[PDB]
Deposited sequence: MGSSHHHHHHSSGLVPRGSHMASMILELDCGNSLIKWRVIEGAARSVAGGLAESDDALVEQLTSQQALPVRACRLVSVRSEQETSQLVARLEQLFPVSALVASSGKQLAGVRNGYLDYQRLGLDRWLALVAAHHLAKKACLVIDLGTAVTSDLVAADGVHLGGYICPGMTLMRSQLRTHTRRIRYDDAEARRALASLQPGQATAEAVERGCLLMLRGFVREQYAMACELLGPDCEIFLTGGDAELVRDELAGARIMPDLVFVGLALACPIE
């Protein structure tokens, strides 16, 4: 049969996966550079990839280049997600709908599509984003702030996890920074939940995504953790056969 290669092209990373059928992932990875990406994908050209869809927050030129390299590695005609005032019953909340990062857009649309209720959508990645959508599908807007990665490379994995074994006051540089930043991130999440309760109601659905979701999930007992949220939205934005 034919499989689909999906990609999320962020500012500093490219996440990809190949799915069989509707959404069963059989392979995927994270590339810190296009060369790393080509390197990883080259090992999967054995897979019957015959379709491709992706979302990108990079320049129109940078994306076309990537698309070109993709269409070289696989016999496909890549679909590229684009800005919209509406998608799957969800209304873009930006003054200028095109100003909304496409990654945030697809994820928040995916969330409302799945919940059909008001929801809080938080992406804990390199950068952190939070978006709120009313029960009627209207996007209220959102927020942006740095993630653990950006906060780190500014003031400075198994060893860092050790510094994070406690959130009590640090007695050494490494501890102060790691615990400081995580408490700042955890603080942000609580501010988002409070804001959502106020504008969406206490029973709103909560969606967490991004590689650092695990660091804050304990704060919201009922939150739904979905590493591939954006990809759910990408299927809606670029439907295939």
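Missing from the model, by position in the deposited sequence, are residues 1 to 21, 178 to 186.
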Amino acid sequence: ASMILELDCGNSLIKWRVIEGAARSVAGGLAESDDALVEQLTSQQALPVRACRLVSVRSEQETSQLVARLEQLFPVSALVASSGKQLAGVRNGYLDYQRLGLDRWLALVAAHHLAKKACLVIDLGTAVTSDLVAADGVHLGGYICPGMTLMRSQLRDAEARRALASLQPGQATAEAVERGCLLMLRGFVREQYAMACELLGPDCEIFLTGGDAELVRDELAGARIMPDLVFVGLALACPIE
From here on, numbers count along this sequence of modelled residues.
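Mean CA temperature factor is higher for 69 to 77 when stretches 107 to 115 and 69 to 77 are set side by side in the entry. Looking at mean Cα B-factors across 204 to 212 and 41 to 49, the upper value is held by 41 to 49. Highest C-alpha temperature factor among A194, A36, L54, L185, as the PDB entry reports it: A36. Taking the deposited Cα B-factors for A160, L124, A134, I144, the highest one is held by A160.
Compared with the other modelled residues of the chain, the Cα B-factor recorded for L30 ranks in the highest third. Residue-level temperature factors show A22 in the middle third of its chain, judged at the C-alpha atom.
Sorting the modelled residues of the chain by their CA temperature factor places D8 in the middle third. Ranked against the other modelled residues of its chain, the C-alpha B-factor of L155 as given in the entry falls in the highest third. Compared with the other modelled residues of the chain, the Cα B-factor recorded for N92 ranks in the middle third.
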